[PDB]
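Please read the structure below before turning to the comments.
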Amino acid sequence: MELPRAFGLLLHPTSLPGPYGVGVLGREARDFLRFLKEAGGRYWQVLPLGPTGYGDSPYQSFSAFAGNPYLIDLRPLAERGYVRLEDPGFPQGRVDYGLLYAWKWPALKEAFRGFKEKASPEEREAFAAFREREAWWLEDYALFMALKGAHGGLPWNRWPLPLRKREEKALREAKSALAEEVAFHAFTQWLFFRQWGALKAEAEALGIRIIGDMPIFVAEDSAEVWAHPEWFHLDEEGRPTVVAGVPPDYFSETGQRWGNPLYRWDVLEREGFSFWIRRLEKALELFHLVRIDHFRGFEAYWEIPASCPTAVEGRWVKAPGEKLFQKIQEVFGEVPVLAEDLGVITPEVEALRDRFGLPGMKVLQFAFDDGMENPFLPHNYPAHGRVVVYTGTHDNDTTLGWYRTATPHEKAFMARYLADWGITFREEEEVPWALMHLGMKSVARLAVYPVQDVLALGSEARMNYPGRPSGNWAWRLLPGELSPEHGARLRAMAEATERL
Ligand SMILES: C[C@H]1O[C@H](O[C@H]2[C@H](O)[C@@H](O)[C@@H](O[C@H]3[C@H](O)[C@@H](O)[C@@H](O)O[C@@H]3CO)O[C@@H]2CO)[C@H](O)[C@@H](O)[C@@H]1N[C@H]1C=C(CO)[C@@H](O)[C@H](O)[C@H]1O
Ligand SMILES: C[C@H]1O[C@H](O[C@H]2[C@H](O)[C@@H](O)[C@@H](O[C@H]3[C@H](O)[C@@H](O)[C@@H](O)O[C@@H]3CO)O[C@@H]2CO)[C@H](O)[C@@H](O)[C@@H]1N[C@H]1C=C(CO)[C@@H](O)[C@H](O)[C@H]1O
Numbered sequence: 001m002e003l004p005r006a007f008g009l010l011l012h013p014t015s016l017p018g019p020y021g022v023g024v025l026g027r028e029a030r031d032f033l034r035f036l037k038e039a040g041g042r043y044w045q046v047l048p049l050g051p052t053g054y055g056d057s058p059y060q061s062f063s064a065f066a067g068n069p070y071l072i073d074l075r076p077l078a079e080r081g082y083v084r085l086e087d088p089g090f091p092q093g094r095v096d097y098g099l100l101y102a103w104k105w106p107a108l109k110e111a112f113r114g115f116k117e118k119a120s121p122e123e124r125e126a127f128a129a130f131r132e133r134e135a136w137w138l139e140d141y142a143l144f145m146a147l148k149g150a151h152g153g154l155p156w157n158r159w160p161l162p163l164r165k166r167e168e169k170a171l172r173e174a175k176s177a178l179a180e181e182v183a184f185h186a187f188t189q190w191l192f193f194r195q196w197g198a199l200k201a202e203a204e205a206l207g208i209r210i211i212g213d214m215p216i217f218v219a220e221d222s223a224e225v226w227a228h229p230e231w232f233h234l235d236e237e238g239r240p241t242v243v244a245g246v247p248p249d250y251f252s253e254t255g256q257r258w259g260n261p262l263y264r265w266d267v268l269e270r271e272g273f274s275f276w277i278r279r280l281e282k283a284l285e286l287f288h289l290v291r292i293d294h295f296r297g298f299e300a301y302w303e304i305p306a307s308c309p310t311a312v313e314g315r316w317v318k319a320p321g322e323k324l325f326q327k328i329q330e331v332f333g334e335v336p337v338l339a340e341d342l343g344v345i346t347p348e349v350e351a352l353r354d355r356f357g358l359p360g361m362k363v364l365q366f367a368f369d370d371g372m373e374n375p376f377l378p379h380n381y382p383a384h385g386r387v388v389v390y391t392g393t394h395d396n397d398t399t400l401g402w403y404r405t406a407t408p409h410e411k412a413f414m415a416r417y418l419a420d421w422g423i424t425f426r427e428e429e430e431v432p433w434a435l436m437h438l439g440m441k442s443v444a445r446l447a448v449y450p451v452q453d454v455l456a457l458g459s460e461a462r463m464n465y466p467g468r469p470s471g472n473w474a475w476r477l478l479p480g481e482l483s484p485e486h487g488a489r490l491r492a493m494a495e496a497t498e499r500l
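Residue numbering for the sequence shown follows the deposited numbering, starting at 1 and increasing by one per position.
Here it is, written out as structure tokens:
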């Protein structure tokens, strides 16, 4: 993949400013694209866009295909009279997910009722047409969500056996009994894709490419796992027999047990990797590039017996990454994938990435805790530049927040390294900019930065803190917070580093 030298910004849509408690796919999203274009940015990166559950993590979605109903802009609906919106008291600068769950679901439900009553024939037709075209994943997703709502939010593998095991007769009866609930969820999808499609066209009109994000492993409690038990290592009761994670290492003697169901790779290969082809086809309708989290899992993954409460009991298992990507190349004619390969250092993963021209990542906040051999330091990046450099990702603190808690060593080495690259700073608040500048001076073809670093926000704006119980995925921009001055500063930096 040939990436021209450029820069972009990382901003999950929920973080957009605007009324009604959460960023949505509307004017403010368009304002951000405009800001990005004026700043000279050519990429907008988001986190996974699927529907979320308790904890609100984009990385644990009810579906590998559905769009997050919380991102639906309700204004176009209120404007056609389908619903009357009333702010129950959403805060500024953050998403109160508890309130959004309590208020937005009913507002979408009311909107659907108003729609059935007032929609024009053209809208009814379009929605029906959408349900037909997307049936191959929508039938399962909409029934999955209807069943979930009818069984008190229980995970699919705790539902009555006939439904859990998808006995046809039982599914047909449920689909019939929950007809309006199924149509309602299908309605949230039609709105989500219509709005995303419009936003994507806006991005394209502005010369902007969108980098989507798809975790390599799906979630246990999701429509596709329920509908395709044959593609995952589950027992007869739908329980994963092995789960994803990573082994212990110098950092943790317990490793990480993520819990995700794992693929029956032999079955997927036999089916021409249909699940993955479908997954990518759907994603390519929404994005120009797809970042895949834990890309190394296509080469080998840490398989943990589900009975083990930690990650200590696993073993590395080879996956057919080569054949899968050969299949992806064959079908799509290119592999529009960005590999999340943080801390892999394994040769075979690098080789698989390179074989298909896939860029990896570099995160500057991790470059100063040791020596000059640290792979995250710019002089160590590959001369071919097929890598995306970030100051920090959604899992890291903002760079100012990181700086304030960095070790004396990190702070001193960073400053010295910056100076070696002709960069300096005076106040703490300037560190995010100095690091963004260091990334832009690097050979990395793409430099992508979280908006919180553009705003030089502290720890209060950190998107996600892995391991922390609450406050995650909630940060939001305030109206007008990204000023023309922020854009001009990014633009001047891009111009100087030849990224325009
Ligand atoms: C306040 C709370 O709002 C959100 O909570 C809702 C979840 O998104 C829903 O999916 C639903 O969760 C139920 C599960 O579906 C069901 O399978 C079962 O496990 O019971 C769950 C509880 O009913 O309903 C949730 C609301 O009740 C949001 O996702 C969640 O993160 C929010 N919780 C935050 C607030 C506090 C209060 O200090 C903390 O305990 C949490 O760590 C925060 O994340
Ligand atoms: C659901 C999960 O969401 C968050 O975790 C994800 C990260 O945000 C992603 O960036 C991605 O990171 C991993 C890299 O892809 C991988 O290559 C390696 O570097 O490890 C990274 C994470 O250590 O994927 C993460 C999901 O694996 C969030 O931080 C995390 O806390 C959330 N976990 C919830 C799920 C379970 C399972 O029941 C519980 O154990 C946790 O307490 C929940 O918070």
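All C-beta atoms in this analysis are idealised placements derived from N, C-alpha and C, irrespective of residue type, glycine included.
Taking 5 angstroms as the limit, tell me which residues put their C-beta closer than that to any heavy atom of ligand 1, in chain order. Per the Cβ criterion, the list is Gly53, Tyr54, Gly55, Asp56, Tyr97, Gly98, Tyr101, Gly153, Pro469, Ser470.
Unbroken alpha helix (DSSP H) run spanning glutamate 373, endpoints: Element bounds for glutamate 373: n/a, residue is neither H nor E.
Would you tell me roughly how many angstroms separate the C-alpha atoms of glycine 67 and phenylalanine 184, rounded to the nearest one? Their Cα atoms are separated by approximately 14 angstroms.
Could you tell me the alpha carbon to alpha carbon distance between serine 252 and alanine 135, rounded to whole angstroms? Roughly 44 angstroms between the two C-alpha positions.
Within 10 angstroms of the Cβ of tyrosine 390, are there 16 or more other Cβ atoms? Answer buried if so, exposed if not. Per the 10 Å Cβ criterion, buried.
Those residues which DSSP pairs with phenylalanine 232 across a bridge: BP columns for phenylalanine 232 point to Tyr263.
Buried versus exposed, by CB contacts within 10 Å (16 or more), residue 529: In the structure displayed, the chain extends from 1 to 500; residue 529 sits before or after that span and is not available.
For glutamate 303, the first and last residue of its enclosing alpha helix (DSSP H): Element bounds for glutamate 303: not the alpha helix (DSSP H) but the beta strand (DSSP E), 300 to 305.
For the candidate residues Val24, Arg5, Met1, whose alpha-carbon lies nearest to that of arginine 476? The residue with the shortest Cα to Cα distance from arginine 476 is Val24.
Of the residues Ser274, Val448, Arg315, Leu478, which one's Cα is nearest the Cα of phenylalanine 90? Among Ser274, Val448, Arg315, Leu478, the Cα nearest to that of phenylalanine 90 is on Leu478.
Give me whichever residues DSSP pairs with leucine 10 in a beta bridge. Partner(s): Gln45, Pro450.
So what does DSSP say about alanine 494, is it helix, strand or coil? In the structure shown, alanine 494 sits in a helix (DSSP, three-state: H, G or I).
Between the beta-carbon of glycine 212 and the beta-carbon of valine 290, is there less than 8 angstroms? Going by C-beta atoms, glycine 212 is nearer than 8 angstroms to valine 290.
CA-to-CA distance, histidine 288 to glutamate 180, given in whole angstroms: Cα-Cα distance, rounded: 34 angstroms.
Given a cut-off of 8 angstroms on the beta-carbon distance, is the pair residue 571 and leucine 99 in contact? Outside the displayed range of the chain (1 to 500) lies residue 571, so it cannot be described from this structure.
Would you call the CB atoms of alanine 170 and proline 247 closer than 8 angstroms? Cβ atoms of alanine 170 and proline 247: not closer than 8 angstroms.
Between the alpha carbons of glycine 50 and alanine 351, how many angstroms are there, rounded? Roughly 31 angstroms separates the two Cα atoms.
Kindly indicate which residue of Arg489, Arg462, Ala474, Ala412 has the alpha-carbon position closest to the one of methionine 436. A check of alpha carbon separations from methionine 436 across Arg489, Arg462, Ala474, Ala412 identifies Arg489 as the nearest.
Give the single residue among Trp473, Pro106, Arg133 whose Cα lies nearest to the Cα of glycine 149. The shortest CA-to-CA distance from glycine 149 to any of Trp473, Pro106, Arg133 is the one to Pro106.
Just to confirm before moving on: does the CB-CB distance between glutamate 428 and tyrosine 449 stay below 8 angstroms? With contacts defined by Cβ atoms closer than 8 angstroms, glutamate 428 and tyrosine 449 do not form a contacting pair.
Inter-residue CB distance, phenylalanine 295 and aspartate 341 (contact presumed, cutoff 8 angstroms): Yes, they are in contact, since the Cβ atoms of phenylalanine 295 and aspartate 341 sit about 5 angstroms apart, within 8 angstroms.
Distance between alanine 244 and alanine 474 (C-alpha atoms, nearest Å): Put simply, the backbone Cα of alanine 474 is about 26 angstroms away from that of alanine 244.
Secondary structure at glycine 360, three-state DSSP: helix, strand or coil? Residue state for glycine 360 is assigned as strand, using DSSP reduced to three classes.
Starting from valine 243, follow its DSSP beta bridges and name the residues at the other end. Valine 243 is bridged by DSSP to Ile304.
Using a threshold of 8 angstroms, state whether the C-beta atoms of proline 432 and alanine 447 are closer than that. Here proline 432 is not near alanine 447, since their CB atoms are 8 angstroms or more apart.
Along the chain, which unbroken stretches of the beta strand (DSSP E) at least 3 residues long are found entirely within the stretch 169 to 230? If we require 3 residues or more, the beta strand (DSSP E) runs fully inside the stretch 169 to 230 come out as 209 to 215.
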